[PDB]
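Below is one structure, written out as structure tokens, with a few remarks after it.
2 protein chains.
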Amino acid sequence: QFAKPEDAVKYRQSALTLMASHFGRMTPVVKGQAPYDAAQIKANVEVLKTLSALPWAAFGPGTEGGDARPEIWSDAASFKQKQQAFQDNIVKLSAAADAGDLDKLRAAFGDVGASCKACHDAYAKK
Amino acid sequence: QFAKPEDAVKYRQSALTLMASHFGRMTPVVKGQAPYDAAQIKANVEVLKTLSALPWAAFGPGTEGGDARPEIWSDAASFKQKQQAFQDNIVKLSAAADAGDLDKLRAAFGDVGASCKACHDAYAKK
Ligand code: HEC
Ligand code: HEC
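Residue numbers (UniProt numbering), protein chains in the order written: chain A, 1 to 126; chain B, 1 to 126.
Now the structure itself:
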């Protein structure tokens, strides 16, 4: 869907920015600093589910460039592993949000956050 | 969800960039230059449906700034009108995509595109 590889760069940066806002905006709820409204969180996690699927195609074949570390493309199998892990953690977060229990939300949110951190430690520039 | 108003700016720019890629990537299909796969388009329009709801809250009260024209906030009622129009056109595009007919897709895609253009003509900087 990208006329030139730089268009893939701009797309994935935007996808990560959004996806991220939709994860991080729940931090005060998970910590108990903001109230837990099960319906609010269920709706937000549905948006995060959609967004969480979007960056990865724009890091695929022929999208070399941008600021990210080059092992995304030179070790493509290993970037897909970190991706599978993250997308599986998102499914667990959707289940917690759909159940409407804050304890399960806290646990799944931690699971997702650790998988965010893992990929960033390996593949973002230092 | 934004720590400072600049975070709303970065969010809405990203939302518009994505949402836009998901609309514009269908142009070759609408024109007949790429093949029409009803299931492919239905899935893409579901992603566009989600994205199309996201920019507007980040142009709401207290989000003044960025590059956009100031009438977004000084004439907030009139920006919401152009928004209602766009979101209603998106519902028509979802119906066309779910029906799986290229003729209806072409018509609804034109309807959406005109509503994209209208808001940009009024509210983006020149
Ligand atoms: C690997 C499979 C990733 C997963 C899982 C997550 N992120 Fe990530 N992220 C990844 C890369 C390779 C980069 C570098 C992109 C670049 O601009 O060089 C990023 C970057 C981000 C950013 C910054 C984006 C920007 O436009 O500057 C954010 C805000 C971000 N990542 C957040 C984030 C969150 C919250 C995640 C889990 C919910 C997450 N990322 C997962 C790779 C990967
Ligand atoms: C008014 C209710 C809008 C509707 C409907 C659409 N867009 Fe728009 N768009 C709007 C504003 C006020 C701006 C300016 C933002 C800025 O950065 O100053 C934009 C901008 C865009 C952009 C550029 C974003 C960027 O990061 O530079 C794009 C790619 C864009 N708009 C596309 C777009 C599409 C495809 C639309 C219909 C599917 C659409 N916009 C609708 C306001 C409004």
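Where a beta carbon is used, it is the ideal one built from N, C-alpha and C, also for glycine.
Skipping 5 residues on each side, what residues in its chain have a beta carbon closer than 7 Å to that of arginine 12/B?
Along the second sequence, read from residue 1 onward, the residue named residue 12/B stands at position 12. The answer, listed in chain order, is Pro55, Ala58 and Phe59.
Under 8 Å, do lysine 42/B and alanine 97/B count as touching if we go by C-beta distance?
Reading the second sequence from its first residue, position 42 is the one you call residue 42/B. Reading the second sequence from its first residue, position 97 is the one you call residue 97/B. The answer is yes: Cβ separation under 8 Å.
Going by Cα to Cα distance, which pick from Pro61/A, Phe23/A, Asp111/A and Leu105/A is closest to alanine 85/A?
As a first step, residue 85/A must be located in the first sequence, where it is residue number 85. Here the closest residue by C-alpha is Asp111/A.
For chain B, find out if any of its Cβ atoms is closer than 8 Å to the Cβ of residue 127/A; answer yes or no.
The structure shown has nothing for residue 127/A, since chain A only spans 1 to 126.
Is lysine 49/A near ligand 1 - that is, is its Cβ less than 7 Å away from at least one heavy atom of it?
One-based indexing of the first sequence puts residue 49/A at position 49. Answer for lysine 49/A: no, Cβ out of range of ligand 1.
Cα separation between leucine 93/A and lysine 126/B?
In the first sequence, residue 93/A corresponds to position 93, counting from 1. In the second sequence, residue 126/B corresponds to position 126, counting from 1. Going by the C-alpha atoms only, they are around 43 Å apart.
Which stretch, first to last residue, makes up the alpha helix (DSSP H) that contains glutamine 83/A?
If you number the first sequence from 1, residue 83/A lands on position 83. From DSSP, the alpha helix (DSSP H) with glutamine 83/A extends over 76-99.
Starting from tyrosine 123/A, trace the alpha helix (DSSP H) both ways and give me its first and last residue.
Against the first sequence, residue 123/A aligns to sequence position 123. It spans 102-123 - the alpha helix (DSSP H) in which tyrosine 123/A sits, taken as one unbroken run.
Could you please give the first and the last residue of the uninterrupted alpha helix (DSSP H) stretch that includes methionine 19/B?
Working through the second sequence from its first residue, we reach residue 19/B at position 19. Note, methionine 19/B: alpha helix (DSSP H), 5-24.
Measuring only between beta-carbons, confirm whether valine 9/B sits less than 8 Å from chain E.
The structure shown contains no chain E; its protein chains are A and B.
At least one CB of chain A closer than 8 Å to the CB of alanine 97/B: is that the case?
Position 97 of the second sequence, counted from the first residue, corresponds to residue 97/B. No, no contact with chain A.
Which term fits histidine 120/A, buried or exposed, when burial requires 16 or more other beta carbons within 10 angstroms of its beta carbon?
In the first sequence, counting from the first residue as 1, residue 120/A sits at position 120. So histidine 120/A ends up on the exposed side.
In chain order, what residues of the same chain lie with their CB nearer than 6 Å to the CB of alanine 20/B, ignoring the 5 residues before and after it?
Along the second sequence, one-based indexing puts residue 20/B at 20. Taken in chain order, the list of residues that qualify is empty.
How many Å lie between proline 5/A and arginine 25/B at the Cα?
To locate residue 5/A, count along the first sequence from 1; it is residue 5. To locate residue 25/B, count along the second sequence from 1; it is residue 25. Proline 5/A and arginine 25/B: Cα-Cα distance of roughly 15 Å.
For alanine 39/B, would you say it is in contact with chain A, using Cβ-to-Cβ distances shorter than 8 Å as the test?
Your numbering for residue 39/B matches position 39 in the second sequence. With 8 Å as the cut-off, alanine 39/B does not count as an interface residue toward chain A.
Using the three-state DSSP reduction, which class does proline 28/B fall into: helix, strand or coil?
By one-based count along the second sequence, residue 28/B stands at place 28. Note: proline 28/B maps to helix in three-state DSSP.
Could you check where the alpha helix (DSSP H) with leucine 51/A kicks off and where it finishes?
For this step, residue 51/A is matched to residue 51 along the first sequence. Segment 38-52, the alpha helix (DSSP H) holding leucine 51/A.
Give me the Cβ distance between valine 45/A and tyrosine 36/A, rounded to the nearest whole Å; I'm assuming they're in contact under 8 Å.
Here the question's residue 45/A lines up with position 45 in the first sequence. Here the question's residue 36/A lines up with position 36 in the first sequence. Wrong, their Cβ atoms sit about 13 Å apart, outside the cutoff.
Three-state secondary structure (DSSP) at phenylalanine 59/A?
On the first sequence, position 59 is the one that residue 59/A refers to. Looking at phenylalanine 59/A - three-state DSSP - the assignment turns out to be helix.
Starting from the C-beta of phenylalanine 109/B, find all residues in its chain whose C-beta is less than 7 Å away, skip the five residues before and the five after it, and write them out in chain order.
Working through the second sequence from its first residue, we reach residue 109/B at position 109. Counting only Cβ-Cβ distances below 7 Å, and skipping sequence neighbours, we find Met26, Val30 and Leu93.
According to a CB-to-CB cut-off of less than 7 Å, which residues of the stretch 9-25 of chain A neighbour chain B?
Per Cβ criterion, the list reads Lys10, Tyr11, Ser14, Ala15, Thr17, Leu18, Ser21 and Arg25.
Using beta-carbon positions only, say whether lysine 49/B and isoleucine 90/B come within less than 8 Å of one another.
For the purposes of this step, residue 49/B is identified with residue 49 of the second sequence, where counting begins at 1. For the purposes of this step, residue 90/B is identified with residue 90 of the second sequence, where counting begins at 1. Cβ atoms of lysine 49/B and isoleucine 90/B: closer than 8 Å.
Measuring only from the beta carbon, is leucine 16/A closer than 7 Å to any heavy atom that is part of ligand 1?
Residue numbering aside, residue 16/A sits at position 16 when the first sequence is read from its first letter. At least one heavy atom of ligand 1 is nearer than 7 Å to the Cβ of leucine 16/A, so yes.
Measure the alpha-carbon distance for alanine 107/A versus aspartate 101/A and round it to whole angstroms.
In the first sequence, the residue the question calls residue 107/A occupies position 107. In the first sequence, the residue the question calls residue 101/A occupies position 101. About 10 Å.
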